[PDB]
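Engineer: Residue numbers (UniProt numbering), protein chains in the order written: chain B, 235 to 437, 446 to 467; chain L, 526 to 642; chain X, 2 to 1081, 1092 to 1176, 1187 to 1243, 1254 to 1450; chain A, 72 to 155; chain H, 118 to 138, 164 to 175; chain D, 109 to 215. Virtual Cβ for every residue (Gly too), placed ideally from N, Cα, C. First the structure, which I've put down as structure tokens, then a few questions once you've had a look.
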Amino acid sequence: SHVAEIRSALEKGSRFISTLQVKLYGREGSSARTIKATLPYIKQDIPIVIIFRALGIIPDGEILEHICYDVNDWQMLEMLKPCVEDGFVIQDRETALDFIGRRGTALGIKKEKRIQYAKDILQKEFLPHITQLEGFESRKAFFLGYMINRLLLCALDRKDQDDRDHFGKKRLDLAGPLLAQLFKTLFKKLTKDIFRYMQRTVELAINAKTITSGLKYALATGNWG
Amino acid sequence: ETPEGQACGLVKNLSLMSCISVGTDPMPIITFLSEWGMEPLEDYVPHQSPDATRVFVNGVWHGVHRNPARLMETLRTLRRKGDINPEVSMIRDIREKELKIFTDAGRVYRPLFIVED
Amino acid sequence: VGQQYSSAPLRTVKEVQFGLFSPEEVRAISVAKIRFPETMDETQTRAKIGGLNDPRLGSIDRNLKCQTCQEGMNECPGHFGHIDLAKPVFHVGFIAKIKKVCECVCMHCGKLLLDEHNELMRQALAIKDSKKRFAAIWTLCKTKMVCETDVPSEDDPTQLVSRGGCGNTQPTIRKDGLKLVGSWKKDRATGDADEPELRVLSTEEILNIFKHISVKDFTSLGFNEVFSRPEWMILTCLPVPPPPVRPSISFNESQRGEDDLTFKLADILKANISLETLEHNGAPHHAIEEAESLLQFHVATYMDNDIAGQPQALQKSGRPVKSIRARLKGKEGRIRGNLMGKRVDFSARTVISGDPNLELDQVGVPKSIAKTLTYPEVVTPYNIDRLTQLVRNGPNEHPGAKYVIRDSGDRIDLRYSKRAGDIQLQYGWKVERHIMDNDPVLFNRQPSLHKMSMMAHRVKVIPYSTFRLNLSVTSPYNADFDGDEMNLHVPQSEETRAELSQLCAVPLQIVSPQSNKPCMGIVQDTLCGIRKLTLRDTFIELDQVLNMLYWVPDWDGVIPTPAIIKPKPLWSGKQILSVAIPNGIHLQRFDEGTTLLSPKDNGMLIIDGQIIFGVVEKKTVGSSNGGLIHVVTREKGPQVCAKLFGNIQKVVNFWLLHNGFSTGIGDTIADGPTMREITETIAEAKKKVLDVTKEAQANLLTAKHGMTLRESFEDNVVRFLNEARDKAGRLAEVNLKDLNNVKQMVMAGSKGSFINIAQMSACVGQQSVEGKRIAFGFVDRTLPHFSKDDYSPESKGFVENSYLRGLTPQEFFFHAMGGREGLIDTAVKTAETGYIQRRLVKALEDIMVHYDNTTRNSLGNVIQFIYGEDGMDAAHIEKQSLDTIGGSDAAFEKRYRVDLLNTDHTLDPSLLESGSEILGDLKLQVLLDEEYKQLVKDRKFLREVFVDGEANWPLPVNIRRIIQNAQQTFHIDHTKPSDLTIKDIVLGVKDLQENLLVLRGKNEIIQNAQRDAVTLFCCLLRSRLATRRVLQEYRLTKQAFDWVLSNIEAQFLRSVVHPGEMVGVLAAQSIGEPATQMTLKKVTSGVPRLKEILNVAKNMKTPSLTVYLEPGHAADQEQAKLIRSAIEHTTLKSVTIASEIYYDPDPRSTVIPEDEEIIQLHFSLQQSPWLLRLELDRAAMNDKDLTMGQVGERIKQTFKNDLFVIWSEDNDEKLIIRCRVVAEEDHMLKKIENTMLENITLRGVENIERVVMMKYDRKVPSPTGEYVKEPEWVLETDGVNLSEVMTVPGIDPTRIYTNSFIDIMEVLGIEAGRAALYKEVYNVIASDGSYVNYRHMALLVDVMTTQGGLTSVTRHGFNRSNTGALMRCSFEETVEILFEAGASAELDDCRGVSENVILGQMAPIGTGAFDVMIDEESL
Amino acid sequence: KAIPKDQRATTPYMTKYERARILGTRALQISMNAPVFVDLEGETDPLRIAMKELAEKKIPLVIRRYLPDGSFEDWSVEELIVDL
Amino acid sequence: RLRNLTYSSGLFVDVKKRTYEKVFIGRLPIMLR
Amino acid sequence: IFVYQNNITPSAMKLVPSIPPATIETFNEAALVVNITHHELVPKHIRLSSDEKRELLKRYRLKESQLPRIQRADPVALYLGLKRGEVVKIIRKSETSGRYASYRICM
Ligand SMILES: [Mn+2]
Ligand SMILES: [Mn+2]
Ligand SMILES: [Zn+2]
Ligand SMILES: [Zn+2]
């Protein structure tokens, strides 16, 4: 019935538009309407509770506090009732991290590795525009809460669904960013081609033209994506 | 000024005074924000402060701030000096408990006369 | 062609029968056997080998020898070879089909796995579309994998019935390029039957199974007993195409030459031979299999180059390839490349400019373009000098020629020719002259959606570039002169000339079929000018009369004697215009307040070609229905009318040039005061809006039933602001003086409507996007310049100002918003309409009216048993008044009752000569009684048809006019008694009717059909030539009368549709063209709807019912409500305030106060402790006319006993249903709570969501006869359920209508379906005021309905809609289309335009819909 | 399949398409100097002569009207009423 | 423009070559003015 | 004609075509609560005798397939008890001629 999309991407580094959707399953009045988020690389929609646990926010009360900044808002908390249930099976960060690990991994893989895979996804794929380093799990939990929030605040006929065509939430990509997309994607082949001058060197071998041709090519046509 | 038919409304033109934001580092602002009483999100408890205006910056929830208008003033005044980059965009949604700051390039903006009391 | 003779009759392909070559035939027709996979050099002795390129097949080496068929490389039609395949092989094309048939038949007995015994199969079998049946059968039979032995009969399942006694399991057959692989199983996972057995179903297996399929079985598939048997899909025997298909480029002598098919065949033959040289030598199995799949591959690749690879090893080590599919990739795409109109020859394109000095049917061709386009004219004693003069003039002097083409077909190129000025033209040579003045050329403007936009004009070579058009030929073409290019096309042959100038010639197009009116009028200047010239105040001094006079070329030189001779000889403006008009032209029309003294110089009377009164404007002189062009066209001929445009234009234009017409900003300014009234008018609405605002912010606005507050507040505001703009707009239109140049155009008819004045002068009015005021794009405010939640007009997008006043920035931006909406979906309407029109045509393309007056499609199916139900051609129909239908019964008697036996109601002895001796003539009064009872049936009949009461219906032969012509042609005086007998009239007319003949068959059925086709015209006729009428009003003498009869008969015949009429195309482009003008209460209308309708979309956007209350109760606002409620789907959800699940454990005492009284009350004259308690809302509770008891015992009858129900009664201040399950309880309840709020139906028909009442004014006959409006309540519903709603007590189930013509069909049958479908298509075309003569839509709506169902137009087929395999070769794969045509025995009727082009023939359309032959009779 | 001179159900009147095509076919003859049947009281132009031949009922052609079932009526241009 | 050239510039990076276990590098079409 | 209230068992449905040539037709009560042929848009359908039928297809020279068609299950056909191959003359009020008569052959 609803979906709460972010399209988070790093401003610099290498632009990874890794979409997180926070989906409210069931339409108004379908028995037990659950919320699930859709993590990148994780081939199944994870109950949002389980993510919070995998993010170290174990106890219901705590999780709900991250979502529902209002103890009287019994309507919203009552919407989540089945979420809390939907993630009942999982009660500690590792089981949670494992739950995710398993929906990102083949059945052969060992628990530690599995947990470790889910630990790296949450650290780098899940909401990467917040932080990609370590200690920032509360930072995501909170943001993810806020997502679930807004999603429900929309589901509760309390919010108008976002205007797709509002211009403030558009960006115009220009000479600068465009020539930087290619130049990133071309310097990355220059960083790759120079790498085939080390693995391949056992004992000045730089293609100027990869970039000259690449920029020059794109601009001579209108070939970007 | 839009071309008719197929491109109609899809190909647009900048009004004479639109420029497009060039893109600025949010480091100094996020730095100023916690210098200016922004509560870190790590150290944030809502059942404790539900009257908390949440500061976002280029989309990132950076934390919280009770008494935002006093943040908002400064933020505005800094930008109106030069000290925060002019192109930097700060919107407070009073009835949403949100103060979203924007520093990324691509934001189409235009100049206006400031009317202040 | 090929100057030799052949005794064989010269014919034209009438049908193409498509089929598959049986292996039998492939040999039978073949000339060779073809064994050797090489050619030439027989031990070096050059020529050919009895293996390829010769054995009997077509010759090379310039040799005539060719099986004694002689002739040589140009005259011989290459004869066909033969090649036996060692093994059966899948023909690539049918691998698909083969597999598919194999899924339908048993793979052992060849027995259709599903019989007439299975019920889902008789519906599959009954389908007549050989293709759709095969699909329906297949989707049914591919489930089967067991060829059933005993099938449950038509009786007891106890009782089995035998069938094909072969019990074996079928494989599920999958494909692998060229091998079909079959895998069996003795059921899915049952004990001792697991694991499929994959075995490759070989060609040898399938072919033999195909042979075992009965003539009955495979015929119930697409297959043809005679033309295409399944077995034949499997090649045993391969046709060898001869050297004209596969050439040999022998470069003079002593060099190799054989085409890329020859090599491709050479490799088949190789594999074939090495497959034989492994059976004949004996071998292993996966060796012959390998040798088979090599062959099968080479046969495959030979025809289709799109399999497991490309064998490109044919004389080249670099590797290219050509198959016969990939030969049609240069021959299905070089025929299609020439089927799409690319090599545009003898045509020319340039800017058009208007030119008031060309005749209506001219086209000014620039000299330079004239010098480019030729006409091949045959040298002829009649033309020897002129042609000779041209040939001398040459390629560069205008009346010159480019080429002189002599007997021998040589082309002397007069441009570069040493004999350019030295040619003796001999009879029978073609000179290719330039087009010169008066050549019929076909002038067309794309996009050409309209027979009228390809018309033929007389050339008139002119100076500068650009084609020049007469202005009046302008809208037929939808052309203006702001840059439009037009194509001119020179008909090249003499008959092709004749056809143009005889059918498409512009004069012949004035009265157009599309709306049974003229389609070319007087326009722009000439219109504006004519009004001015026509005013009473317009007078012409002698000095200027003479010019105007002399300007009209058709002037007879008599200077009209001036209408003022007194102080100054002074002609009326009318008088001289009246010389453009020819004699014998009369016209009567009356406006609102016209009299025979027409104060306002209103209306129109022209008598013998002198406009006696009326301002001449659009009404008269435009393209309008009754107008002077319609009249002059019918009355005096098309050409004489066409010449009229010329005269009128020339005169008026000359007049206008010396009068002058302009328009300034002054014309767009309002009277100082009017502006205050306007400003007041607006500011008077901003209160209204403001009051409703305050009202609604208070919460005092009551939502209109089934409409939200916010929904209905806007609705009011928008109407206020429109009532404003409009009362504002009128306020300026009334002001503007009769001098006002703007209004001066508006009066005359030329560009300019009210909304225009309205927006320029008064208010611009409310902008709107998606039919709402401007939406809050920013949060709760439309611009960052308003405050949040500002719902004022100014904010939400009312442009207050005129355009004259200028728009505020907001107004400017909101206007820009509305504007962008306009252009955006002006681009949508253009794009969708563009494609609808192309579908509508393709749909009706082939419908033609054959010689029997029947109207049939390409197949021959009767679509209409007489074209448009009356056999009339729509261009010969006029709106006419059926008088029998109208007025009090009283009046009916006054006009039509002639009772001789009554000194009062008799014809007065003054009207009639034998007027007195008529008084009391029993015998007569028995005739005149016949007449009248007949007129009475008539009036009755008519009121049955036009239930509406509508008097005025497009009918052929304008009877009013003919009479008006009689009265003038005979100078009948309304003073002396007529010399008619009653018997003359009464019998004369009775006798006339027997003469109006659409149909001629002598049998009864046709005579009955004929009686019907003429019914309506006859009532008109009876009501017009009624005895009193004929004498009282008309005063016809025996002479004029006898004339009127023979005229009515004359025109009636002239009005009958000609066999030949591509009436379908006509009908499609009559529906399309106007839709290409739809550029725009809440129901989808216009093109979305048209694309909805034609699409037969079951999922409509705006499904509505419209139900009418039973006759006796129409006014009962309360019964309208009582039905509304008992219809509108009313769920528990809509009546419950809140639900709550309490733990309330004691079923006596209760933890809820407000319920203690209710459990007490349910103890006067199992259960869970968990209670589901619903609090209901009276508002909507009594609004939907509902009882607690009713809501209650509903839930109690929804949940059987599985729920303990109890409810507060209807007095209690709080309405409550308390419910228990009757421990996992709290969860079963939240389920049940939902099963209540959503599912349970308290009241109404499901799917009927909103139900609005509305007062509809209805035309109904009062007791006294005349048509009285009788208001009726009419429920209109969001949601359709016509079946269940039809049946509701108290509605008029007779009249209940839905726009979902689909549900109508499904409930009321196809005939009603069609009726409704016609009412929908017509609503679309009526919603933009436009008219399209009924027959066009009928024919569309008939074509959609011919086959029992609603067959969509907007393509249903991926191939066809009604297209022969030859016709416009669709997909890059025509091969595929042809393959299927083989397999299904597609029978091409060659009534196509393309098939026949492919065949080098003209279509049996219109001018080609009959044959001409040389008469041996003519003395 | 042919239908006898009596029992012709088809219009006794020439159809606009027929005229279009006679005149066409007839002019195409007149244009290649095939002999004319009427007096050329001035005319040089083929079609105009063809029309004059039709006018004076002197076109020597038979029109074969096919019915949708395949049967056909023959009419002689002479027989056919030209009233359009 | 006349010479059908590209108004580019030499993109010179600055490299640190270190054994572990100026320098012309491409052309950037310069945007006028 | 078997009239019934809610519905029938598709087993008892497979009991219908069972006593030939005698036809059993089945009307759900609800389908009969209103006579569709009394509806406005529903014109006079007149089952033609095979003798009138012969006359039709002859007078007009039409293979059966060339007649306009009506579905076996078309509510007017069912109401008339139309047997496939039976043609109906549909006499409809026309706005062009007074009555026009078109025929549909049951499919
Ligand atoms: Mn225009
Ligand atoms: Mn134009
Ligand atoms: Zn030959
Ligand atoms: Zn079998």
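Mind checking which residues open and close the beta strand (DSSP E) that includes residue 615/L?
Structural biologist: That run of the beta strand (DSSP E) goes 614-618.
Engineer: Under DSSP, the alpha helix (DSSP H) around residue 275/X begins and ends at which residues?
Structural biologist: 261-277
Engineer: Are residue 508/X and residue 362/X touching if we call contact CB-CB under 7 Å?
Structural biologist: yes
Engineer: For residue 1340/X, count the other beta carbons within 10 Å of its own beta carbon; 16 or more makes it buried, fewer makes it exposed. Which is it?
Structural biologist: buried
Engineer: Starting from residue 875/X, trace the beta strand (DSSP E) in both directions and tell me its first and last residue.
Structural biologist: It is not in any beta strand (DSSP E) - residue 875/X carries neither H nor E in the DSSP assignment.
Engineer: For residue 1038/X and residue 100/A, what's the separation of their Cα atoms in angstroms?
Structural biologist: 49 Å
Engineer: Let me check you understand the geometry: is the CB of residue 452/X closer than 6 Å to at least one non-hydrogen atom of ligand 4?
Structural biologist: no
Engineer: For the alpha helix (DSSP H) containing residue 1023/X, list its first residue and its last residue.
Structural biologist: DSSP places residue 1023/X inside the alpha helix (DSSP H), whose first and last residues are 1016-1025.
Engineer: Taking its Cβ as the centre, do 16 or more other Cβ atoms sit within 10 Å of residue 320/X, making it buried, or is it exposed?
Structural biologist: Counting the other CB atoms within 10 Å of its CB gives residue 320/X a total below 16, which places it among the exposed residues.
Engineer: Please report the distance separating the alpha-carbon of residue 247/B from that of residue 304/X.
Structural biologist: 55 Å
Engineer: Using DSSP bridges, identify the partner residues of residue 557/L.
Structural biologist: In DSSP, residue 557/L forms no bridge with anything.
Engineer: To the nearest angstrom, how far is the alpha carbon of residue 605/X from that of residue 628/X?
Structural biologist: 10 Å
Engineer: Identify whether residue 529/X lies in helix, strand or coil by the three-state DSSP scheme.
Structural biologist: helix
Engineer: Over the uninterrupted beta strand (DSSP E) stretch that includes residue 84/A, give me the two end residues.
Structural biologist: Counting along the chain, residue 84/A falls outside any beta strand (DSSP E), and DSSP gives it neither H nor E.
Engineer: By DSSP, does residue 85/X sit in helix, in strand, or in coil?
Structural biologist: strand
Engineer: Starting from the Cα of residue 1118/X, find the closest Cα among 1286/X, 130/X, 611/X, 318/X and give me that residue.
Structural biologist: 1286/X
Engineer: Can residue 485/X be considered in contact with ligand 1, in the sense that its beta carbon sits closer than 6 Å to one or more heavy atoms?
Structural biologist: no
Engineer: Residue 1116/X and residue 1311/X: beta carbons closer than 7 Å?
Structural biologist: yes
Engineer: Leaving aside the five residues before and after residue 429/X along the sequence, list all residues of the same chain whose C-beta is less than 7 Å from its C-beta, in chain order.
Structural biologist: 379, 380, 408
Engineer: Which chain X residues sit within Cβ distance under 9 Å of residue 529/L?
Structural biologist: Result: 824, 827, 828.
Engineer: Measuring CB to CB, does residue 434/X end up less than 7 Å from residue 376/X?
Structural biologist: yes
Engineer: At 4 residues or longer, and completely inside the stretch 1100-1126 of chain X: list those alpha helix (DSSP H) runs for me, N to C.
Structural biologist: none
Engineer: By the three-class DSSP mapping on this structure, what secondary structure does residue 228/X have?
Structural biologist: coil
Engineer: Could you run through the UniProt region "Bridging helix" (810-822) of chain X and flag, in chain order, every residue whose CB is less than 7 Å away from some CB of chain L?
Structural biologist: 821
Engineer: Note down, one range per segment and in chain order, each alpha helix (DSSP H) of at least 4 residues found wholly within the stretch 778-841 of chain X.
Structural biologist: 794-797
Engineer: Just checking residue 70/X against ligand 3 - is the residue's beta carbon closer than 6 Å to any of the ligand's heavy atoms?
Structural biologist: yes
Engineer: Which runs of the beta strand (DSSP E) spanning at least 3 residues fall entirely within the stretch 384-436 of chain X, listed in chain order?
Structural biologist: 402-406, 431-435
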